[PDB]
Every structure is written in C-alpha cells, then in structure tokens.
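S.K.: Protein chains in written order, with our numbering: chain Z, 1389 to 1435; chain W, 131 to 324; chain S, 4 to 114; chain V, 2 to 58; chain C, 750 to 1179. The beta carbon of each residue, even a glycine, is placed where N, CA and C say it ideally should be. The structure that follows is given in the form of structure tokens.
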Amino acid sequence: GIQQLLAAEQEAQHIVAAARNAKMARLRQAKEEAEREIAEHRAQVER
Amino acid sequence: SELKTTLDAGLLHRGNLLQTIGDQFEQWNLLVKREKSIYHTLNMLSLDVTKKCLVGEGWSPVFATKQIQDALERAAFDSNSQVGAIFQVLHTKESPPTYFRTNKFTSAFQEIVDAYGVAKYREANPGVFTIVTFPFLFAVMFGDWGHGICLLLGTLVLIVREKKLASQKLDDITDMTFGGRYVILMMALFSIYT
Amino acid sequence: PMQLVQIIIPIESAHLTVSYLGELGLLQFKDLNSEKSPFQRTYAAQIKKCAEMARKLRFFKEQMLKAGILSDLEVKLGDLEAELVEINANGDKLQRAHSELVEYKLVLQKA
Amino acid sequence: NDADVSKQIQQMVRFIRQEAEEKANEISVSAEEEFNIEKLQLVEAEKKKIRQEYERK
Amino acid sequence: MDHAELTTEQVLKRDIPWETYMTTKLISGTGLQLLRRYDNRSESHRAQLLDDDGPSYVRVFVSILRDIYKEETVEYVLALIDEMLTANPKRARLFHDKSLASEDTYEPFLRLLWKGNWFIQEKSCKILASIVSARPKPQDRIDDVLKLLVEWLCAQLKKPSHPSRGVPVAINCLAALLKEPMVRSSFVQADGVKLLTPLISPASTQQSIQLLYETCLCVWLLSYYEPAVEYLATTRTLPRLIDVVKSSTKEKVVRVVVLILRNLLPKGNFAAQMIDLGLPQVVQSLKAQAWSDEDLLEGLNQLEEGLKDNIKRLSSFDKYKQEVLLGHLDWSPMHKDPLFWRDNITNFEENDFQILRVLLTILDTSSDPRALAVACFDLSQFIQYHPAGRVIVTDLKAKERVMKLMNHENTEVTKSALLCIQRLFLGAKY
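Below is the structure:
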C-alpha cells in the first residue's frame, strides 16, 4: 500500500534527477563538439 | 432636473442589474458553501505529493460505505481522471462516534432523547423504547377525553400544513413545536386514550 | 455501526471527488492537517483564496440585499459587485448635483 | 487487496507515467535543444572572425 | 508510441505472399524471396544466423520499392524495414548500409510520398524518414523535402481517418527533425502548424493530452527558430492556448505553455499580450496557484517579472527629458496624446508646476523657432486637463509667446497658438 506507492514515487524522482544531470551534460559536451567543427570550417576556408 | 433624471436612470439600471445579480448569488451561496466544505476538507485532511492525491481516513457507516465509496470512485472515473478514487477500509483501536439512522417521524423523538448523550457505534439506544414509552406515560398526567381531541386537532393542522410550513419560517417557539408534530400527535392520541 | 475508511482521491479529480462526495455525504472529515493552521497547510492557502472570494461574494450579496434585490464565478460576482457599486456612486453623485442645483435655483429665485 | 491493490497500482502507474515519462523526458529533451542552439551561436562568432580573417589574408 | 503501435498492427497482421505477385509479374523473384528472408530475420536471431541481421537483404528491398507500384507489397516491406531500424535486437546491420551510403537515403525520398498516404505513414513515416534526411543533407531526391511537406499536408487533410496516428507520426517526425535547425526550417515550410495551434488552444480531455505534448514541443522548437516563430506569432490561437492554460487542470500542460510564452516575450509582444489579452492577470492567477516543482512556478513568476521589466521599457521617460534636458521640442506620438499629459501633471509639481514653469520659460524663450510650435501644443494639453493651470498659463509668459505667435507667420505655429489662447480663455470665464 503506502510502501507500494512509495516505490513508484522514488522511481519518478530518480528519473527527474537523471533528466537534470543530462541537461548539464548536453550543454557541456556541445562546447567541445563544435569547437572541432569551427576548426573544420577554418580548415575548409584554408583549403 | 437633468441630474435627477440621470440619477433615476442610473438607479433603474443598477436595480435591473441587481435583479439578476441576486438570482446568480442564490446559486453562488451553494457554490460558496461547497467551496467552504472543500476548503475545510483540505485544511483538515492532508495529502501525499508522492501519491499526487488527497488521502486520509475517517468514520463512515458500513452500509453507507458499501455503496458511497463505489459511487465516489465511479464519479472520479467519470471526471475524466486517469484513475478513480480509492475505496479501501481502515482500522483503528479508537471508537468513532456514530448515530443510528433517523426516520422521518422517529427523528424528532430521537433528537429529544439524544439530549442526554450518545453511545458506541452499535451500543444501546434507549430511544427505541422511549419513542412510545414517553407517550405511554405522559398521557396519564393529562387524561381527559375532551381535551386530547383538541390537542390532536391542533397537531393535525401542523401535519397538514407541513408542506407550506417546511418553507415559511415561524416563531422560534412555534418552530420548535412544529419540529415535533408527529410526536405531539402521538402524545395527543395517547392522551385521548387515557 | 460505522467504521474507518481510507482512500486517495487523485489531484486530477480531487475537487470533483469532493463535490461528488458532498452531493450525498457519508463520512465525516478527518483532522490530521488541521494542526498547520490556515497558514499554507495542505491547501489552506487555496482555502484562504477561496475564503477571500467567499467574503467578496458575501459583500456583494449584502449590497444586493441593501438594494432590495431578489435572490470564474467569483470573478464574475466581483465584477458585478464593482459595477453595482459604480452605478450607485454615479447615482449618488447625480443626486447630490441635483440637490445643489435645486438649492441654487431656490436661492436665485428668492433673490 | 482487491480494490485496494488495484487502486494502489493505478495511482502508482499514473505517478510514474506523468511525473517521469511525460515530464522528466520533456525536461532533458527541451534543455538539450536550447543548449544545441546556444553552442551553434558561440561557434558563429568564431566563424565570423575566421571569415574576417580569410578576407584580410 | 500508442499511435504508432495501432498503425504498425494493422500492417503486420495482414499477410502478403510476395512470390505469388512476382510469378504474376509485378516484381522479379529475387525481391519476394528477399522480403520473406527479412521476416525470418527475427527467427534466425534465435538460431544464431548472423546473416539474417544482414544488410545485404537491404538492396533488393530498395529495388523492389521503387519498381513496384503495388501498395500491398511495399507497405508490408516498409513496416519490416521500419521495425528493424529502431530495434537493437534485430536490424542492426540494416541501419549501417543506409547510414554509410547516401544513395539509399535518396531512394528513401522516392519511397516517401509513395503508395497510400495512410499506408506509407503507418508502415514507417518518422521511423526512417528523419535518418534519411540526416544521411543525405539535401534530401532533394530540398524539392523532395517540399514534396514530403505536401504529403504531410495531405495527411493533415485526412485528420479524421488517423488523428491518433497520421497526425502523431507527423508531429514526432517534425520534433525529431526540428532538433537540427535546417530540418526545423523544412518543418517551417510544412503546413498544419495552425491545426496544431487550434488543437493546443482547446483540449477535449486526456485524449487531447496524447498529442498535446508534441504539438507544443514543436512550439518549443518554434521558439528555437525565429522564422517559424514569426509565422506562429501571425498564427491565431496562440492567445487561446494561454486561455486554456488558465483553465488547465494539469500543472505540466500549463508549465509547457509558459515555456513557449516565456521565450516569446518582447517589448512589443509584452505590450500586445498585457493590453489586449490580459496575460499578466492570468499569469498572476497561475503564480498564485503554485503547483508541482517550485522552480517551475518560479519560472512562471520570472516570466511575469520579465514582462514587468518590458513594462518599464514601455514606460520610457525619454519624452520628458527630450523636452527640457535635450531642449529640443519635437512632436512625437505621446505629445499629441492626452493620456501622457494626465500622468505628467503630478510629476511637474515641485514649486507650483516648477518643471512646467521652466517649460513655460522655455516656451517664452527657445533656441529653435520650430520648437515653439510643439511647445504650444504641449502646454495646451496640460491646461485643458488642469483648469487652474490654464489660468496660470494666461498669466505666464507662455501666453505672451502665444500672443507673439498669433501676430506671427507660419500657419502651424498660429494654429497651436490659437489653441493655447483658447485653453486659458475657457477657464477664465465660467
């Protein structure tokens, strides 16, 4: 009952915590990802 | 004269608006009563964010709980919610207050008898015997078969006019007397027999 | 022979469930959350807003009764009360202007 | 049991689906797109400087 | 999702014996055998037949699709390609051949908008469309992208046949593509945004919530791309979506509506929303009804706080400074408007309209002859509004300047001067 209902709640809370962590990662990974793309554009111009 | 005419027109418009405003407020009174009841339930009963629902426990008649909880769950389901309300039972060592079901005529005698107190959920109810015992004893103190007829006739008019009486208000003593019309009639019949 | 009943009414239909229960009425309300006062509590802040709306509606009804009237909803009632108050104020101002002009007319006629 | 165990799972299912699948998924996805646009703008400034650089050369 | 499953069921239930069709000539034999082998690929998984998870079964399916015009075979095949692509159990090798070579992704564009419009979407639609555009960026085998948008418009026209599927597939594909800004531009060309806006504005029930999310997830994508946002700003029901948000029971739906609204706030846009649509009052009610995450409620309050910041910008104090500190009097939209003067009367009072007295001195002596004409306009408005000010203006040197202006050339200066005289005059005698 109450314990059974608590299992669903903690699970939803964990999913939201994962979503929060993932958001920070998407922004951070992006800064490295297109820094190389900018260099590739510079290379295309150099060629 | 122009200012008086303008004031009269404004007052007439205000009265015309208030004619429908009062009609709306008639139902708004019941709406506010329902809102106050919901507010009292919210402030008195807690809720679980984890359950995302209002939860709690309270006393309810078993016969009533046989259908009332199911009806509430069905209404909640019909309210377009993802799931209806629960109907689970609860147990505790505390003894909840309870009241025996009151009939249309037995209500007055039951209320008169209950002025001494209450009992357990299904404990002794002296009202059952006293509903006739009090007429069976008060008759002796006023036994005269020329006045009991008058008392019954006076009670009879109250019973007949009950349809209009239930709507129109009356004096506080008159209202208290009209509240026990059936009991008065029974006592008058017993007095006539006595 | 009553007994305890424990249930959960989802927030998606908590108000609807409460209204349906109050249509007939079977179980008395509990008192667990009452210790938190009208200050927030479970929904006492919402209860506070509902009480303010009810007070506005009561003021409107009292004004209508004083006017001899015959007896989103809260917002509409407040708007109607404001309109009636404005109409009454306009009528009072016009009556005062009429009284002042009548007094001036009487004084000028006597002069 | 019976109605109780039925309602308990139903409320739990609603909690898991709405609070997490419907909302948590949206939180991660919406933030990612906003971040993707933010990085692209940061890259554009470097590209403009590089474009200004090739023209100067 | 549930919408995709209902379609995907209709196709995989009905069986199609390719080999018989081939013998009758509608395809050559290699194709029918190849499609039968693709169905056996799930069975071989069990038997460890690494060849079932092949890519080499792919080639005939590509061939078969373009050549055939018989809807039954290409639909049954498309479903089986679709199911394979996303699965990690089976049809891993499948995804490789497509991804390496843009030629299959051009063959996919011929397959797109082919067969029954309902049949093609149920079989695959968004499942393989997105990746094909990624594999071939042009996706013109974007004239082909425009043809795909026309096919989406045709699916929208048949909203009744598959609302919980055909519309859902289009919404999911648009959201998946809108992740890339160029693919969002393709979505901007595609129509049906207004239909989603009408669906967003009014919710039938939980059933509306099923695509509710997607329709406005696209609105979040539209917030990302300004061009789609301009079309959305023109599109109606944006205000209606806010009105539903006021009546929305679900906290998440209101929070989702706020995000888009949060991103679209501008000095102009805040003005339209506040004046006409009465956004702040609904926003104040939403702020009062805090629900779910406090941060989500705080974001709504921050959006309201941002609108209030726009309101300060809207109430610019530059006009008062331009008249005195700059010393240049030009007509502008609020100096020919009565409302501004009504709020400016009180600000002047510092020693009997001391700012107005300095302005009256500026009217009496001004660096520019042109300024005197607009100055007379400005004075007139305050005096009409303030009867006591009008009598003071006649006493003030501004009336002396008006008398000189009355005895002066230039029609516009004389008009304004005459209006100034009359303003003082109405008040002197009652």
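Quick one, which of C:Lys928, C:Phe1089, C:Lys872, C:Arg1106 has its alpha-carbon nearest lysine 1146 of chain C's?
M.R.: Here the closest residue by C-alpha is C:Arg1106.
S.K.: Answer yes or no: does any C-beta atom of chain Z fall closer than 8 Å to that of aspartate 5 of chain V?
M.R.: yes
S.K.: Would you call the stretch 162-174 of chain W and the stretch 45-65 of chain S in contact, with 3 or more CB pairs under 8 Å?
M.R.: yes
S.K.: Identify every run of the alpha helix (DSSP H) within the stretch 7-39 of chain S, keeping only runs that are complete inside it and at least 4 residues long; order them along the chain.
M.R.: Residue ranges of uninterrupted alpha helix (DSSP H) with 4 or more members, entirely inside the stretch 7-39 of chain S and ordered along the chain, are 17-27.
S.K.: In chain order, what residues of the same chain have a beta carbon less than 7 Å from the beta carbon of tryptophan 1040 of chain C, not counting five sequence neighbours either side?
M.R.: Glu1000, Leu1046
S.K.: To the nearest angstrom, how far is the alpha carbon of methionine 316 of chain W from that of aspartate 3 of chain V?
M.R.: If you draw a straight line from the Cα of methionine 316 of chain W to the Cα of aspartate 3 of chain V, it is about 49 Å long.
S.K.: Going by C-alpha to C-alpha distance, which of C:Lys1153, C:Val1142, C:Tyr806 sits closest to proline 1118 of chain C?
M.R.: C:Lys1153
S.K.: Starting from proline 887 of chain C, follow the alpha helix (DSSP H) in both directions and report where the run begins and ends.
M.R.: Run containing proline 887 of chain C: none; DSSP gives neither H nor E here.
S.K.: Ignore the nearest five residues each way along the sequence and tell me which others in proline 13 of chain S's own chain have a CB closer than 6 Å to its CB.
M.R.: none
S.K.: Quick one: what does DSSP say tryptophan 969 of chain C is sitting in, helix, strand or coil?
M.R.: helix
S.K.: Spell out the partners DSSP gives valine 185 of chain W in its beta bridges.
M.R.: Per DSSP, S:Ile11.
S.K.: The alpha helix (DSSP H) spanning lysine 1178 of chain C covers which residue range?
M.R.: First-last for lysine 1178 of chain C: undefined, no H or E at that position.
S.K.: In three-state DSSP terms, what is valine 213 of chain W?
M.R.: coil
S.K.: Among the residues of its own chain, which have a CB less than 7 Å from the CB of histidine 1135 of chain C, if the five just before and after it don't count?
M.R.: Result list for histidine 1135 of chain C: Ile1094, in chain order.
S.K.: On the criterion of 16 or more Cβ atoms from any shown chain inside 10 Å, does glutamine 157 of chain W qualify as buried, or is it exposed?
M.R.: exposed
S.K.: Apart from the five residues on each side of it in sequence, which residues of its chain come closer than 8 Å, Cβ to Cβ, to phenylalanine 266 of chain W?
M.R.: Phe320
S.K.: To which residues of the same chain is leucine 945 of chain C closer than 6 Å at the C-beta, ignoring the five residues directly before and after it?
M.R.: Closer than 6 Å at Cβ, skipping near neighbours: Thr964.
S.K.: For the stretch 779-842 of chain C, list the alpha helix (DSSP H) runs that are entirely contained and at least 4 residues long, ordered along the chain.
M.R.: 807-816, 820-835
S.K.: DSSP on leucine 177 of chain W, reduced to helix/strand/coil?
M.R.: Strand at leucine 177 of chain W.
S.K.: Might you give, ordered along the chain, the residues of its own chain that have their beta carbon closer than 6 Å to the beta carbon of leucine 1075 of chain C, omitting 5 neighbours on each side?
M.R.: none
S.K.: Taking C-beta pairs closer than 9 Å, name the residues in chain S that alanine 318 of chain W reaches, listed in chain order.
M.R.: Residues of chain S passing the Cβ test: none, with the nearest at roughly 35 Å.
S.K.: Can we count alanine 201 of chain W as close to the ligand SAH, meaning its CB is less than 7 Å from some heavy atom?
M.R.: Inclusion of the ligand SAH in the displayed structure is not the case, the ligand content being empty and no account of it being possible.
S.K.: Which residues of chain C have a Cβ atom closer than 7 Å to the Cβ of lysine 113 of chain S, listed in chain order?
M.R.: Neighbours of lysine 113 of chain S on chain C: none; closest Cβ ~22 Å, over 7 Å.
S.K.: Can at least three beta-carbon pairs, one atom from the stretch 970-980 of chain C and one from the stretch 925-934 of chain C, be found at a separation below 8 Å?
M.R.: Touching, yes, given that three or more Cβ pairs across the two stretches are closer than 8 Å.
S.K.: How would you list, in chain order, the residues of chain W whose beta-carbon sits under 9 Å from the beta-carbon of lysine 24 of chain V?
M.R.: Going along chain W, no residue has its Cβ under 9 Å from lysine 24 of chain V, so there is no contact; the nearest lies around 12 Å.
S.K.: So who's on the other strand from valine 219 of chain W, going by DSSP bridges?
M.R.: S:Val8
S.K.: Excluding sequence positions up to five away, which residues of its chain have a Cβ less than 6 Å from the Cβ of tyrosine 229 of chain W?
M.R.: none
S.K.: Quick one: is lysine 49 of chain V near chain Z, going by C-beta distance under 8 Å?
M.R.: no
S.K.: Decide yes or no for the touch test of the stretch 768-777 of chain C against the stretch 811-822 of chain C: beta carbon pairs closer than 8 Å, at least 3 of them.
M.R.: yes
S.K.: Quick one: what does DSSP say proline 227 of chain W is sitting in, helix, strand or coil?
M.R.: Reduced to three states, the DSSP call for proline 227 of chain W is coil.
S.K.: By the 9 Å beta-carbon criterion, what residues does the stretch 206-233 of chain W contribute toward chain V?
M.R.: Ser211, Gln212, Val213, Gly214, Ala215, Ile216, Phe217, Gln218, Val219
S.K.: Please compile the residues from chain V whose C-beta is within a distance smaller than 7 Å of the C-beta of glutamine 1398 of chain Z.
M.R.: Neighbours of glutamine 1398 of chain Z on chain V: none; closest Cβ ~10 Å, over 7 Å.
S.K.: Assuming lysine 995 of chain C is part of the alpha helix (DSSP H), what are its boundary residues?
M.R.: First-last of the alpha helix (DSSP H) with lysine 995 of chain C: 987-996.
S.K.: Does the beta carbon of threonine 180 of chain W come closer than 8 Å to any beta carbon on chain Z?
M.R.: yes
S.K.: Would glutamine 9 of chain V be called buried (16 or more neighbouring beta carbons within 10 Å of its own) or exposed?
M.R.: buried
S.K.: Within 8 Å of any Cβ in chain V, is that where the Cβ of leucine 859 of chain C sits?
M.R.: No - not a single Cβ of chain V is within 8 Å of the one on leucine 859 of chain C.
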